[PDB]
Each structure stands twice: as structure tokens, then as C-alpha cells.
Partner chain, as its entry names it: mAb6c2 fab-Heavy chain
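Just the one chain here, the form solved without its partner chain, laid out as C-alpha cells.
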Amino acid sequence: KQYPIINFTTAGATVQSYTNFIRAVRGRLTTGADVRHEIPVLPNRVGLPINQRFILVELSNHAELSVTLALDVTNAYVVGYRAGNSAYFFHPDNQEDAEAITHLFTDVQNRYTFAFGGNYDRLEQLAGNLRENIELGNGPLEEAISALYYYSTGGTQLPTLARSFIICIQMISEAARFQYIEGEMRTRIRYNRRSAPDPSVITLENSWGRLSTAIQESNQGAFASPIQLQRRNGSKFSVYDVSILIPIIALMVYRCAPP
């Protein structure tokens, strides 16, 4: 009947509980993954059966409100969510993805497709805040969960919804994609902090697609051409090989490889 579900709560959340959570999310994302090379490759969307296409992340907080994000296993990204008897989806990019999401939350009474996609450029626009001025941590996540829930009752305004997506996507999807970003979150939880992401986190997130390409197209682990990233202080540097990123990137979107 149902896609795999991972549960997380911000209520009493620890370094350990967040760690177990991201571990479980990666576990479900990589059931069908190619794990025979240096970095796990998520399943190819082409030909992937619909019953293997999604996982669900059920989030709860101190207020014991609950929402369920749907993640696409082919890119680890949030495609939509359920709150109560309503489901809300980002605008799909093509007809195959639109058809795919009709298989999610099939029991809800109310289904809605937003006009907008879930990319950061658009979400930041809707939120009126760049990622660099949106705080991440257990506090922001707790508040994002309530805001997501109350969207369904008319009690959350759309800019707050968008900000809340930005928080959730980074703390769940990007943390699953990158050990580096998981560590950034882990440190926030460890010292009970909330703070916006530094440029290293932001450019990793921006570069995930291109890194996945450069890695899977590489020859003897060597990139066809460098990819520029940023340190935490904003300074730039280049990456030329796959091995140096094994500790940094945990998962990759399927990419084809050269002749």
C-alpha cells in the first residue's frame, strides 16, 4: 500500500537522533542505488518502477503536529508534502513527473499543485530571504513543521511556507546528499544553535548536479574540467578528482558517462 516512511521529531532531538535519522533516509534512498563505485548513484529515473520512486519523511515537533514530505529517490529532493487531509506538490517539470506524483498521498481529499517549482532560486523569491539569511537548526525545523501543518488550515502565509521548505530541504535532502552538510547541521544541534548556512554549504547545494556529472563522467577519477567550490569564509577553490569528495558527497543523481 505505502512507500517507505522514516520518522523524525524535533521534540527532544539530539545529535544522535538526527544522525540516526539521516542514516535511515540515506538507507531508503539507496535501496535501488548503484553502490559499486566510489560514490553511491541514486537509481536512474528512466525505467524506475513507480512503487520504488518515492520515500516519505514524517516530521513531528513539540506541538505534536505532523507533516509528511515525499522525496523522489532519483534525486533525494522534496516533491511535495501532506498535512492533514491535503497534499501540496511543487510544479512538475514534465508529464512523466506529473503522472508520478498522482501515486502519492492517494488517500487525501484535497490535492494541490503549486504554480512554482521547489528550486532554491524560486523558494528564496517567495520567502523574500536568501538561504544565507535563513537560519537552520532544530528550532527553525520545529517552526517549519508547524508552518507546513498550518498551511492546510489557512494559518500560514506563503512566504513562511517557502522559508519553511528551504529549512526542511536543507536539513533533510541536502544533509542526505552531503556528509559535509550533515556535519554543519550536527554542529548546530550539538551546541543548540540556529544560524544561516555559510557559503560552503550554499555552493555545495548549488553544485550538486554538476558534481554528480563531473564525477560520473570522470576518467580514472580525474575530472574532464574543474569544479569551483567555496570554503566557509567565502574563498574559492577547485576540485579536479573524485576521491577528494568521497568524504563530502554521499549521493549523486544518475548521470550517463562518456564515450
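Think of the rigid core as the biggest set of C-alphas that the two forms share within 1.5 Å after superposition. Numbering follows the first chain given and starts at 1.
If you look for the form deposited with its partner chain bound, you will not find it shown, but the lines that follow are about it.
In a core superposition between this form and the one not shown, the Cα of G32 is the only one among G209, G32, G234, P40 shifting by 2 Å or more. Between the C-alpha atoms of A33 and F54, a gap widened by no less than 3 Å is obtained in the deposited complex, as opposed to the form on display.
Put simply, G32 and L104 spread apart in the deposited complex: their C-alpha atoms are 3 Å or more farther than in the form shown.
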